[PDB]
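# Tertiary structure, described
Next come the chains, spelled out residue by residue.
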Amino acid sequence: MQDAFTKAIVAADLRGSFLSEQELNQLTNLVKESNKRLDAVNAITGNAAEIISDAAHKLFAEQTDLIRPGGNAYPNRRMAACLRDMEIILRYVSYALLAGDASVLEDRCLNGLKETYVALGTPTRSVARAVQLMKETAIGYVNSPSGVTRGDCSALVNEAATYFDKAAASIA
Amino acid sequence: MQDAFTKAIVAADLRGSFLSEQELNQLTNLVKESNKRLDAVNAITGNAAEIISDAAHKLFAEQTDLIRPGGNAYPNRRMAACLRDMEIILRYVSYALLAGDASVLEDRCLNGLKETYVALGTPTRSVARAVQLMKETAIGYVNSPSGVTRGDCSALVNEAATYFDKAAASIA
Amino acid sequence: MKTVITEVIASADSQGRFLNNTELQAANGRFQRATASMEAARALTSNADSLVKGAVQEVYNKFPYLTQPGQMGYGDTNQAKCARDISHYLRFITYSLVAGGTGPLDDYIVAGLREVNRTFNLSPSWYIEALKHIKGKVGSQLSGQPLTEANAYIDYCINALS
Amino acid sequence: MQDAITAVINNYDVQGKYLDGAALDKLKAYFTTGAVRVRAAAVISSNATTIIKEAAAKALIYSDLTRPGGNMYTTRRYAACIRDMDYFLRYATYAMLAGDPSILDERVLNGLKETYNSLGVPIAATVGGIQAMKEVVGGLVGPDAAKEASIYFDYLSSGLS
Amino acid sequence: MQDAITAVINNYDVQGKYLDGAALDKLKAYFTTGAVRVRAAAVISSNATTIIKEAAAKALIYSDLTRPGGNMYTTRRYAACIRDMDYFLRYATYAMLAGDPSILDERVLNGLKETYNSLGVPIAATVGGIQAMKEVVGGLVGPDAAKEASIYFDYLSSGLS
Amino acid sequence: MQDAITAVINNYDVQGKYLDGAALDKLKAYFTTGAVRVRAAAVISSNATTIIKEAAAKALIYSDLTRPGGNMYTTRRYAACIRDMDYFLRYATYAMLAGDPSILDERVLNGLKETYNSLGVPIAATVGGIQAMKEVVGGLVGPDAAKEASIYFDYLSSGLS
Amino acid sequence: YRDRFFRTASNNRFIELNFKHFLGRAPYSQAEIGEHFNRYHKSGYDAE
Amino acid sequence: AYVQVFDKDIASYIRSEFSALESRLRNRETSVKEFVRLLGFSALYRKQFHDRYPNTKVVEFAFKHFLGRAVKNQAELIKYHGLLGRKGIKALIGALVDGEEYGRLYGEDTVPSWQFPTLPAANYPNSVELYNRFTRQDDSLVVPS
Amino acid sequence: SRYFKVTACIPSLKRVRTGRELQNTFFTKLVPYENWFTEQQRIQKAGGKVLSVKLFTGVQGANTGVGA
Amino acid sequence: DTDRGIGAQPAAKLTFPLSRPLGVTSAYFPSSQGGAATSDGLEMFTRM
Amino acid sequence: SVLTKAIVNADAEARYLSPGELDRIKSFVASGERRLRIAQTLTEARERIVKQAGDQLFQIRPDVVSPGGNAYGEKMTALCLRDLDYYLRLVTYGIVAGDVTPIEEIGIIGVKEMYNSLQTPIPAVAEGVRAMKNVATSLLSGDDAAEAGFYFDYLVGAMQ
Amino acid sequence: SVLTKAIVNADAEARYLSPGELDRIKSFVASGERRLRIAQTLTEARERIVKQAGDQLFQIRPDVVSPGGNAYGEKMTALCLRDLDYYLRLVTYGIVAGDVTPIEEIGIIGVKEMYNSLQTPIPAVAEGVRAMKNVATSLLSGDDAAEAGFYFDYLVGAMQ
Ligand SMILES: CCC1=C(C)/C(=C/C2=NC(=C\c3[nH]c(/C=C4\NC(=O)[C@H](C)[C@H]4CC)c(C)c3CCC(=O)O)/C(CCC(=O)O)=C2C)NC1=O
Ligand SMILES: CCC1=C(C)/C(=C/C2=NC(=C\c3[nH]c(/C=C4\NC(=O)[C@H](C)[C@H]4CC)c(C)c3CCC(=O)O)/C(CCC(=O)O)=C2C)NC1=O
Ligand SMILES: CCC1=C(C)/C(=C/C2=NC(=C\c3[nH]c(/C=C4\NC(=O)[C@H](C)[C@H]4CC)c(C)c3CCC(=O)O)/C(CCC(=O)O)=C2C)NC1=O
Ligand SMILES: CCC1=C(C)/C(=C/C2=NC(=C\c3[nH]c(/C=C4\NC(=O)[C@H](C)[C@H]4CC)c(C)c3CCC(=O)O)/C(CCC(=O)O)=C2C)NC1=O
Ligand SMILES: CCC1=C(C)/C(=C/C2=NC(=C\c3[nH]c(/C=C4\NC(=O)[C@H](C)[C@H]4CC)c(C)c3CCC(=O)O)/C(CCC(=O)O)=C2C)NC1=O
Ligand SMILES: CCC1=C(C)/C(=C/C2=NC(=C\c3[nH]c(/C=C4\NC(=O)[C@H](C)[C@H]4CC)c(C)c3CCC(=O)O)/C(CCC(=O)O)=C2C)NC1=O
Ligand SMILES: CCC1=C(C)/C(=C/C2=NC(=C\c3[nH]c(/C=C4\NC(=O)[C@H](C)[C@H]4CC)c(C)c3CCC(=O)O)/C(CCC(=O)O)=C2C)NC1=O
Ligand SMILES: CCC1=C(C)/C(=C/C2=NC(=C\c3[nH]c(/C=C4\NC(=O)[C@H](C)[C@H]4CC)c(C)c3CCC(=O)O)/C(CCC(=O)O)=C2C)NC1=O
Ligand SMILES: CCC1=C(C)/C(=C/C2=NC(=C\c3[nH]c(/C=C4\NC(=O)[C@H](C)[C@H]4CC)c(C)c3CCC(=O)O)/C(CCC(=O)O)=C2C)NC1=O
Ligand SMILES: CCC1=C(C)/C(=C/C2=NC(=C\c3[nH]c(/C=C4\NC(=O)[C@H](C)[C@H]4CC)c(C)c3CCC(=O)O)/C(CCC(=O)O)=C2C)NC1=O
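Residues numbered from 1 in each chain as written, not as in the entry; some residues may be left out. Chains lettered and ligands numbered in written order. Part of a larger assembly, values for the part shown. Heavy atoms only, no water.

- As deposited, the entry is annotated with cryo-EM as its determination method and 2.8 Å as its resolution.

Below, the structure written as structure tokens:
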């Protein structure tokens, strides 16, 4: 598994070199913003259930076919599987966010996922949408939390978004 | 696994409605003929060994190449495998016959079977024939048993045949 | 889907033997029992409409507050999705009655029930009370072994929710 | 031509009667079997060529009929015969959809017995070609539709004999 | 001819593309207006004769056109003119159902301008006969359908001028 | 149409000349090649389908022409194109038997250039389809007939370009 | 074991290998993968 | 031309359905042959002379409405009746009208007509039988084969 | 569905003729797509020039709707 | 079964194999040929 | 019917039914019970429906029932309502068939010639039919009233 | 479409649409979203479908992919699956149109002549289509699988 430092190290090694002063300071900056990062990961963990629930309510509000017989979130067994997948993806997105690298998300979650869903008959476009809704709400929470020191978290909100967007793209 | 009732239920559910008095009475009739069905399954169970043996004797009577060196029912190991497969298929045909549905036969036994045999070099046309012979003898027994009440079992004899014919078709 | 026939067939397959007497005897039970089961099924089927409206209302009468604004028994959509859900339960009860086992209930309502109800803030108590009411009224639509069958499956749902 | 439904309408029209309970019961008896007729037609249509080939194989070829002196000798006449077979299959499928044999009389049987007498076409052999296609059809369409398809093949064959 | 739906299918077929999101959105935009098109056609069809009579009354007759020297003088030519009017109304109803004007080009406009020049048929007067029928139609069919019916009358009339 | 024997007669008739020595020499030059023309026609006719198949394979298919956006895309247009090919082959065989290209003008080339411009049919691609059939023909018919068959394929192809 | 197969395989892929390494056979059915994946979701890796 | 195709009895009832066709003929847009052809492709033709008869009487009726006679020999029934079996009415009609025989006999304008033919054997009496039967008088096939 | 509009001039080469006949020899008319073609042959096989052909009804590209 | 080449490890092999359908060579007319097979009434009797 | 129409087009092109043709037979037959209910309701109120069409007609055209009117008198009016009873019957037939084949052969093809002979004003017969639509339609649910209304407007259309 | 077919019959008889014709347009358009979903699912799995059809085909006919077979070799097989991709595409078109007009002009009229020239065995193309039915049908609900299945069986029918 990689994190943002480990990634630097692998690229340096492929040159046969000690880390460039370029790469050093990029990593010094990651340490600089790490308290904000911890709050951002904490924002997701602290509202995981609601993020999934709210995404869910809204997914089925839009796509009332999934909860009809014939639909891929019917009966209870399938809805529980769908709720479970929402959690799994939100979980690996939070891991990537602590790590500063998408690899854990791509390697343990996204790799093969689309082909799984197609084999199953699970509508990937609906799954992509559920991921887009989790993103909206998750970032909502990253941006408006309990008595965190005021500052600018937009860099981290972007990065979180790209992890949500990776997952969506990979699946649709 | 499905039986004839379970099949009805799955189709009803896909409509999102209850039994269509149509389906109810089709199932009432299956209950009506169920004593005959039990005798038919019992006919096969009670003569399983002879059904396999007699099919076998006749298969090798016709295809004396299988029992020559170079042949797929030579030496003892291969003959035992062939005798075993005859039993396995007769088994799943009897299960389908108790169930009133082919699914257990198709899902556990027939699914992939042809491609197995081709990988192995087992001549599928000979296997199909062994199944045709089991059918002849099995139905023989369904039709002429020990002190069963006299009546008409042709509907059940047909249905048993289609299970034998499914297997044959699937394999050849 | 768990039923008498299916279960015995599965047993046979696992054992890799043959449909013997034990199995045949067991299967006869399921066949002999079909008449009572299917009478319960027909009665529950034609009364479905009112059994559902009766139980839906009873959820509001037992939990009055549900029907106030800001609550989950308010507005057309909640009350619509409720009727639907009880209708799902009665539907699977009839299926279980016709099928000769709990399979339809196990596969389509029990597997996953709590996770779903917990994510969506649905209290089992409502559903138990819907079913307790349905059980009260089914006392006078059926009797004898059809009633016992209806009861068996209604109670199975109540125990499943608990 | 007429189908189940227009058979009833015209039977009442000549009496100038509005449709009554007996009429309405007949029409229901048709509508209630309708979906099954459609599925059966889609099986027959899509297996048309295979049904003719299996019916010819069981009831016509490998015989004196296909040999010199036989009526389906020559590629010309072999082609005409299986062409005919396709007509029968296709029209029987119409009759079964309509739930009325009237089309088999209007567009197939009328004059056909004498047409075959005039050309020398063997009637008994043609009936076997009809009853062999029925046999194949009844396997392919299943319990739902077997009896209903079958009758219009039987209508065709007692129309020639 | 083509309609909304086949317009899209043929546009993709020439590129050999399966229907994509943009295509599927277009087809939805047609299906979602479909029920309203049907109701509008039933109003036009059943008021056909009254629409022509009110359109002629506002835009053609009581004039030099119907007097000696005029193109709709003689019962022959008056009949030919309101015959034409019925074509326009009827085809515009087809175009509006199809949600595509292609039928108005293929079966109505092609060569018609020159046909009218060759016979002496007054073009401007015919356009007014078209735009008067539109006026009547838009009242009869209501808010739901007014704009959609109207465009194919406007297609017809800029096709002549 | 005209053929070598007929052309000699009409070319002299307009001058009112008996056939004279020069005329008689021309007709001999035709008769003396006649048996070879017949043999060549029997080869072409009996290999018709294979010539089209090999000519299409070398000069038309496996290309953008047969892909979406191409003029021989769709089974409809592929069928129309090899239908055309058969015309060319068949008529060139007539011209070569007659020993006169006049039939290729009267019944094939007249208006065809503009017909192809109007439909969008690619002219250069069609010429290659002609010159590929010539190539195949010249192998099949042999030394005796190769040059004589070839010219009427060349007549066809400079008639389009 | 964890590192080599679970960490970088999707669930589907990961589930195939346990059938190979642990029972010496391929998953017989589509449902069989469903059950395992689900059990992972509630009980976590160790239970699976 | 409605009495040649359609035949008299049912041509009395035509009122104005073919009126767009008539305008085109009147205006010289189509020739008499186009009009005749197009009135064979219409649903009225099809209803009257095709839907109630066996496919071999459809060929016979069509021979006498678009050509004047009855089928001459047997190598014809076979040709034309096996083009109706294969492709339906509009190909059968389209073929008769574009034949060499129709072109020689009728040309571009000349409404078709009953010719009492003299040659091949039996063509004359077969044709005269067809000609002198009112609509629905007898619907046997005269020339079955 | 598509229609061609064609001009044809066909002379009479056997017999002359005696009564007006002018529309039977040089005419123009709409002709359907399915025939226009096998009538293109009948005209050229009777020794007649075909003067001009125009599409009239359909679109040059095609693909769909044509078949009607 | 190892991931060193990419590191990630392959996408699950059996998803498409797992879902391939039943398949209905329906109708189906059996065959007696084969060799010529007895027909007649005599079969029982000879035996008797 | 829908069946007859689909088939006739099939046979005339020498072919099996299209997916489209099969679909409409399926949608049609699904509406069977509903169509039968629409015919029943109207059959059940036939005498009322004619009486209210007949009142609506004579207000709008008191002349038809006037000295020089086709329906002037007690028995010239009796036959007029009988004709209105005929057309309501045909409308019930059409609704259960799902098209006009039956309605058409029985009561529109030849209707111009019949009524011209009798000197009956055709357009006031069309009015009598509109009047029946209004009454019949007030005894049917919105959805069923529309489905019925198409067949009334057809007859009104054919007398034109 | 259903629209094109209805209209062409209307115009050819010089008339407005029938109650029947209007009804089928209404039932058809009501199934719009469903038909669009059926096409989407199949479009979404096209590469898988075309491939499982191709395996089912080569087991049943290993000869086509044999010395004297039309599809023998890697690029004679590549073109064969491409043709299977073509027909699946046309099947999605047909399903959203509700009839075959488009399917027919694009890929059956002329198909005998095309494949006879290429010497492709037509009946084994029909098998490739059955194989696609089997795969596609396993990715659709019972009701949608049947609706799709009609269009697969049509193509199978037309290659005959
Ligand atoms: C690697 C991490 C991972 C992912 C992403 C994953 C996806 C996944 N989703 C599945 C099923 C499913 N997925 C859904 C999802 C949906 N249904 C809808 O209608 C919506 C559009 C959508 C929710 C937004 C449904 C309904 C099923 C059950 C399908 C069925 O069994 O019929 C299955 C089949 C096994 C099972 O049901 O447990 C897998 C493997 N599995 C994994 O291990
Ligand atoms: C238990 C693990 C752990 C956490 C969670 C942690 C959080 C943490 N967040 C901090 C700051 C902060 N955190 C944020 C975060 C935000 N500002 C906003 O306006 C946004 C709503 C939000 C975006 C994510 C900001 C702006 C600061 C002050 C600047 C900084 O220290 O970088 C600080 C520095 C002290 C302070 O200023 O309060 C700590 C220790 N430390 C830890 O050891
Ligand atoms: C231990 C499991 C079990 C079995 C096996 C069982 C058999 C059983 N078979 C029965 C009848 C019968 N069984 C048959 C069967 C046949 N008739 C023939 O001529 C054929 C040779 C054969 C075809 C399969 C018939 C005809 C009847 C009488 C009709 C009926 O009850 O349906 C009956 C009704 C009582 C009777 O009439 O004897 C029972 C209880 N019951 C059971 O609980
Ligand atoms: C196949 C078997 C099956 C069952 C049993 C089932 C239950 C079920 N009930 C749900 C929602 C619901 N269930 C209710 C229930 C009620 N509201 C009330 O007025 C009453 C208090 C109560 C009825 C007693 C409500 C209000 C919702 C909407 C929850 C939401 O989305 O906020 C949902 C979420 C998806 C949706 O919004 O439809 C499921 C899956 N789903 C199934 O597929
Ligand atoms: C005199 C005019 C005439 C001909 C030619 C004719 C041919 C003919 N060939 C047949 C079969 C056959 N013909 C062949 C021929 C071939 N298989 C191949 O792959 C090769 C391409 C080809 C050999 C060169 C085969 C294999 C069959 C058996 C097909 C079957 O039984 O399905 C049959 C059916 C069997 C029968 O009843 O006789 C006929 C009638 N019949 C006639 O009246
Ligand atoms: C020279 C050939 C020729 C004729 C005959 C002809 C008649 C004709 N009569 C008209 C109206 C009319 N014609 C009448 C006639 C009558 N009302 C009755 O009830 C009686 C039966 C009848 C008098 C005997 C009436 C009342 C109108 C007015 C109708 C209206 O405005 O709606 C109009 C429309 C008004 C106009 O623009 O002129 C024309 C064109 N036009 C022609 O080019
Ligand atoms: C959308 C309408 C449409 C279709 C369907 C179509 C098919 C088509 N198939 C072709 C070849 C081919 N098609 C196949 C197909 C097969 N081989 C077999 O044995 C099997 C029976 C079958 C696969 C299921 C093969 C093997 C070729 C190569 C033949 C050759 O090159 O001679 C070619 C020539 C190659 C090219 O230029 O593209 C065309 C145009 N073209 C069209 O415009
Ligand atoms: C008897 C003498 C004679 C000739 C030669 C003839 C040619 C001819 N080719 C045509 C169309 C055509 N011709 C082609 C030909 C080709 N497509 C290509 O891409 C290739 C370059 C080429 C084949 C090598 C095609 C594709 C069409 C159809 C155009 C359309 O879709 O409308 C048409 C239009 C009518 C129709 O579609 O049948 C005519 C008349 N007609 C005649 O009467
Ligand atoms: C199916 C599509 C179609 C259309 C639209 C059509 C129009 C059309 N209008 C025509 C004549 C005509 N059109 C009119 C029309 C009018 N007179 C006026 O003064 C007004 C301005 C106008 C009516 C609003 C008249 C008066 C004639 C007769 C010209 C003559 O006497 O020759 C003709 C000549 C043949 C005939 O007389 O019937 C055609 C073909 N033909 C078609 O096939
Ligand atoms: C649309 C309804 C319809 C039918 C059914 C029909 C039948 C029919 N069959 C015919 C001939 C024939 N029919 C057959 C049939 C057979 N030969 C045999 O030996 C078998 C017993 C049998 C096939 C199973 C043959 C061989 C001929 C040709 C007779 C001849 O050589 O003239 C002919 C004479 C014209 C022709 O040859 O096409 C007709 C009209 N025509 C119709 O319009």
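From this point, things continue past the structure.
### What about the packing of aromatic side chains?
- Evaluation of the coordinates by the stated rule reveals 37 aromatic pairs over all chains.
- Consider the rings of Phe-63 of chain H and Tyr-80 of chain H, whose centres lie 5.6 Å apart with planes at 75°: the pair is edge-to-face. On the criterion of sequence distance, the pair formed by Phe-63 of chain H in helix α4 (residues 55–66) and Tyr-80 of chain H in helix α5 (residues 74–80) is long-range, its members being 17 residues apart. For the pair shown, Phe-63 of chain H and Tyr-80 of chain H are each scored as buried.
- Ring geometry for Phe-116 of chain H and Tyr-131 of chain H: centres 5.0 Å apart, planes at 55°, overall tilted. Note that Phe-116 of chain H is positioned in the loop between α8 (100–106) and α9 (123–131) and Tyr-131 of chain H in helix α9, a separation of 15 residues in sequence.
- Judged by relative accessible area, which is 47%, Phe-116 of chain H ranks as partly exposed.
- By relative accessible area, which is 6% here, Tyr-131 of chain H ends up buried.
- Across from the ring centre of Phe-37 of chain I, 5.1 Å away, lies the NZ or CZ of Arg-83 of chain F, which sits over that ring. (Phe/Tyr/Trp six-rings, centres within 6.5 Å; stacked < 30°, edge-to-face > 60°. Helix = DSSP H or I, 4+ residues; strand = E, 2+ residues; numbered from the N terminus. Buried < 20%, exposed > 50% of the residue type's maximum accessible area, 1.4 Å probe, protein only. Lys NZ or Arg CZ within 6 Å of the ring centre and 35° of its normal.)

### Here's the deal with the site of ligand 5
Residues and elements named next belong to chain D.
- Within the structure, ligand 5 sits among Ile-61, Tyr-62, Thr-66, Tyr-73 and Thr-74.
- Within the backbone of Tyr-62, an N or O atom sits 2.8 Å from an oxygen atom of ligand 5.
- The contact in question runs from an oxygen atom of ligand 5 to an N or O atom on the side chain of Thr-66, over 3.3 Å.
- Contact with the protein chains covers 27% of the free accessible surface of ligand 5, which is 910 Å².
- Of the residues that constitute the shell around ligand 5, the class distribution is 3 nonpolar, 2 polar and no charged. (Near = heavy atom within 4 Å. Polar contact = N/O pair within 3.5 Å; in protein donor to acceptor, adjacent residues only side chain to side chain. Areas by Shrake-Rupley, 256 points an atom, 1.4 Å probe, with all protein chains shown as cover. Nonpolar A, V, L, I, M, F, W, Y, C, P; charged D, E, K, R; others polar.)

### Some thoughts on the interface of chain F and chain I
- With 12 residues of chain F in contact, the opposing surface of chain I contributes 11 residues.
- The contact between chain F and chain I buries some 960 Å² in all, and 34% of this surface belongs to carbon and sulfur atoms.
- When residues of chain F are sorted by the area they lose upon contact with chain I, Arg-76, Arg-107 and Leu-119 of chain F head the list and together hold 41% of the total.
- Where chain F touches chain I, the interface holds 0 salt bridges.
- There are 5 residue pairs in polar contact connecting chain F and chain I.
- Of all elements in the fold, only α4 (75–98), α5 (102–109) and α6 (112–119) of chain F reach the threshold of two or more residues within the side of chain F that touches chain I.
- At 5 residues, α4 of chain F tops the list of elements feeding residues into the side of chain F that touches chain I.
- The residue inventory of the side of chain F that touches chain I, partitioned by class, reads 3 nonpolar, 4 polar and 5 charged. (Contact = heavy atoms within 4.5 Å. Buried area = accessible area lost by both parts, 1.4 Å probe. Salt bridge = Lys/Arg side-chain N within 4 Å of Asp/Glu carboxyl O.)

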